[PDB]
Structure formats: structure tokens, C-alpha cells
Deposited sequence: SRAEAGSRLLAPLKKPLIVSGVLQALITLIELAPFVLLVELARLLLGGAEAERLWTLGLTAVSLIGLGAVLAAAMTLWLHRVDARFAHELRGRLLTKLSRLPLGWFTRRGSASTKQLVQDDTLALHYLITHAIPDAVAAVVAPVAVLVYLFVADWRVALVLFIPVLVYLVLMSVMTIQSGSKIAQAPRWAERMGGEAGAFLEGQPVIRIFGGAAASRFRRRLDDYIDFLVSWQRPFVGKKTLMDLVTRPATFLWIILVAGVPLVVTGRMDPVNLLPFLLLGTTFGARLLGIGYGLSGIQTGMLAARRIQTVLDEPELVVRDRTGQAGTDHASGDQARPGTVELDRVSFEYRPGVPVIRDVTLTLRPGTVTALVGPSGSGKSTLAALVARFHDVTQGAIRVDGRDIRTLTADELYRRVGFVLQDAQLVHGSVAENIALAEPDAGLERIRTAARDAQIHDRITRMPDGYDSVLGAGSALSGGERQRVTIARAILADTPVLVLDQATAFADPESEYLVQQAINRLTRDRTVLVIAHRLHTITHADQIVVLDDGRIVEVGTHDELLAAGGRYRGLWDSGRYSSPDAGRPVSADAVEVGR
């Protein structure tokens, strides 16, 4: 699907082809003038004609050089702008695909898509058409001229050309499958490297370098690269030897010296071949080297367009405040593998719902369904009476804020992380939100204060980053709040303080809490026990204790 992707470049590519035909003709003209200059030199022509021919040839060389440079500059600018717009399109597309896409792909796949594929399109959309047109025009024009000059010495030039064509065809056929397999290996190697860098503590405690899957994958990738690049480079060097100007000059002389020594050819008739017969080999080598780039660009275009055609979380146009309602919701991460099974629930303003249950029951996926990271397989989810599929991302996430189970901090200052949902928020608001999350003092202790960066290495403890995400949600200040295992890494004192702050800040708001620590959710207006993806009992703390069900068992296990 590279044609559909590269349709916007329809006119620049045609312009490149025709302008490159003109440029290669202008590049061949100086050598025709030099052949005429040599013919006049042998004839003892007047100095005026020789000066005219030499100056014209030199000026035409300069013109051809400047025109080729300008065309390459313009075409590289075109390619750069196309890559920029395509990367913007890819980022916009990925901004609304389901999160299952990201989970089943990985970060290395996304990096290869946005950056490596767009860069693999470079030769295809910057050099392929110029190289093709140059390698078609210059050999044809030169060979027509030389067959007019002398067919006997022109025929021998087909030997290197036919050998080059055979080498090019066998090289392309041999390397096609390996070029197809190359992006998969690059993606796998990137994923292994990312895991090796991110999972360094696990590598250091368990196995080290020797027993790491990264090293085995590295060895396998190097073996694949050797098996790919050895015959490819051998064919490439043979093609370079065949088309080199020295080879053409030597075969021209081998054909012509026996003719000149006998009374079969005037030596002057060899002036074209020596001056033009050694000009078009490099242009042929350009396409010979560029066939692989064309193949890689075509595969990259196919992958990019496949991702750009991917189904996404489409916003419907169908078109109580602060209410969330799940109605017979079911969900499947994988087809045929249910994880939520006909869940009906209603979170109302001014109430607290505590979603508890066994680990892996489906609490986090239900929270993500409310966030519309995935679309419900069945049922519906409504916010303020509006189905979440009819709401845009802004409309949805201005009404519902989330504190996810994993405390994901972005690379940036702590103020940026707290102000993620509202980057224009003032410093006073950020400080108040941090104080509500019991993290302002820790940020004060930092060297840069609220400007201290939170990249790799300069991390925090688990409870501290969890509190930072809680402060982020507090600063967002949505009518509906979801807290997936918040304060799991918090000590009892910090947990009590942040829970008191949350209760103060969400008295009139809808609140969903997920907690394995059942002692922190006994005050909830509603307690929903989720087991095996379905609700098994609902009630208050005392009612659920009296029921003697799953909640009673979990409570007894907790004491």
C-alpha cells in the first residue's frame, strides 16, 4: 500500500524524474563537446574553436553540478516535510487506537514505526526515481551515440552491461527475503535492548550478562546480519567492479586496439568511446545499489499504511451530572477469553464505591473500560447519561480522572508531572495539590525544588511516585475520580493523610476506589466484590461481613 501512502508526492516525483533526465543529458553534453575538442585537436584547428569548446564544456559541467545539487536539496526538503507530516499523522493515529494495540505491540514496535519506517521511506521518495531515470537515460543515450560512432566497439560494451544486469537481478532475488525479514529482527532487537536497559535490576540479580536473553538475541541477530550481508556485499562488489570506469576503458581498448592496429578502424573513432564509454557505469551502479532501498521503502510504506488503516476508538455522533453507569458490560482483551462478564453498576455523586475482589478478577480492566482505553465488547458505559463512545477524548477525560495502578511518571520536572492534565496551571495550584497528596515536603527537600527532573536514575520511592500521581489527579479536579490501588505503596500514616485529603476534596464527587486493603474501604457507601470478572455480592461493610461470602473470607484472611 505504498502507492496510497505516497500519492501526495505524485507531482514532485514526476518532476524529479523529468528534471533528472534533463540533468543527466546536461551532464553528458560536456563529454560530447570534449570529443569534438579532441577531434579538432587532431586536425590542428585554430585556437579560437578549441577555447570555445573547452570553455563551453567546463561551463556545462558547472551547470550540471549546480542543477544536480539544487535538485537534491529541493527533493530532500520535500522528503523531510513528507516525513514530518507522516509522523504527525502516525502520532495522531496512535493517540486514539485501543491500548491493546500498544500492549500487543510494545514500545520498540512503536519506535520502529514512527521513526525507522519513515526513515526507510527516504530512498524511495528521494532517490529512487532520479536514480532510475538517470540509469535509463544516460546508458541509452551514450550507447546510441556510440553505436552511431562504431557498432563493433559498441557491442563489447554490452558485455559489462549484461553482466551487471544479471548480477543485479540475482542479487535482488537473493536479498529480497532477507530484506523482508530485516524489520522484524530490528524490532525484536529494539525490544530486547529496551527490556535489557529497563530491567537492569532483574538482569543484575538474576543471571547477569551471560544468562540474559538479550545476549542470545544479539548473537542470533548478528548471525542473521552476516548471512544477509555476506552474499549481498559480494554481489555488490562484483557489480562495482563490472561497472567501474576502469573496466569499461579496458574492454574498450581490448576491442579497439586490434581494430586500430589492423586497417579496420581509425584511432580518431575511438575518441567517443574513451570519453563517453566510461560515463554511464556509475549511474547504473546507482540503481543497482538502490533496488534494496526501494524494497525497504515499499515494505515500510506497507507497514505505515497498515497502521494508518487500523480500527480506532471512533467517536460516535449520536450525542445525573457526575454519574457513571455500566450496563451489562462485558469485555475481552483477546477474542474468546472473557475477563468482564455482564457487569452492571452505578457510581453516583456524593458516594464512594469500593471495587474489591481477588487479584486478577478484573478491577483494573473495568477502570480502564470507564476510561475508554478499550471499547466494551457488550453492554454500555455512560457518563452523565452520555455514552462514552459518543464523547470525545476531551469530553470524556474532563469528566473522569484516573489514578492508575502503575505510577507512570513522564520525563520532566515534578511540576510538569503534577500538572500533566493542566500544564498551564499555576505553581500555587501545583503546591496545594502536592500538599493534599502529602508530597510537597519531599519536593521541597529536592535540590531544584519543583523543577527537579524525573527521568531515569533520578527516581523516587514507590510511595512517593504514587503520591505524585495522586497529586496529578487532585490537580485535574474532575467530577468523577477513579483510584486503582492508590496508596498501595503508602505507609499507614501517609495512607491515612492522603485518604483524608481525598475525602475532603471529593465529598460531592463520584469516587471509585480499588483496594486490596479492605480496612481502608469500610466507610464506602457501596462495596462491590468482583470475582472471575463478575459481581458476586454488593453491599456495605457490615452487610457483607454478615453475608458470610467472599468478602467475609477476604476480611478474615486480612486480619
query	finding
Sequence order list of spans that the model leaves without C-alpha positions, deposited numbering	1-4, 324-336, 577-595
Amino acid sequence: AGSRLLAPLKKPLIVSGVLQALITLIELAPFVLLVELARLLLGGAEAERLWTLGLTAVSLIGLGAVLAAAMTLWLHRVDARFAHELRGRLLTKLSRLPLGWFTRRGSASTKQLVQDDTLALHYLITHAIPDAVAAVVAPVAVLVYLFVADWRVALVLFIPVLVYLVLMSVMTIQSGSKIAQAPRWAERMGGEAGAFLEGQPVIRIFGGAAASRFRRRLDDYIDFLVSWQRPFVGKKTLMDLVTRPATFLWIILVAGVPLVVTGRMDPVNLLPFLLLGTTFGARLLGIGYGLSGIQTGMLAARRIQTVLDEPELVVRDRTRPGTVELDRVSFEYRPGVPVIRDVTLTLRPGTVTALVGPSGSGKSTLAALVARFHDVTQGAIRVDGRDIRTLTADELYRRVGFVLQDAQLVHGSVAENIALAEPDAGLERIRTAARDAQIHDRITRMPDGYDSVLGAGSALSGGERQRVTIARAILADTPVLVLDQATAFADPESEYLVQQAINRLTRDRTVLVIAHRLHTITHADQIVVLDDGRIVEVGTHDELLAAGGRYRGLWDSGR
From here on, numbers count along this sequence of modelled residues.
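So that the term is clear: the rigid core is the largest set of C-alpha atoms that superpose within 1.5 Å between two forms.
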| query | finding |
| --- | --- |
| Greatest C-alpha divergence in 4 other deposited structures of this protein once each structure is fitted on the rigid core, 67-75 or 345-353 | 67-75 |
| In 4 other deposited structures of this protein, rigid core aligned: more displaced of 32-40 and 499-507 by C-alpha RMS | 32-40 |
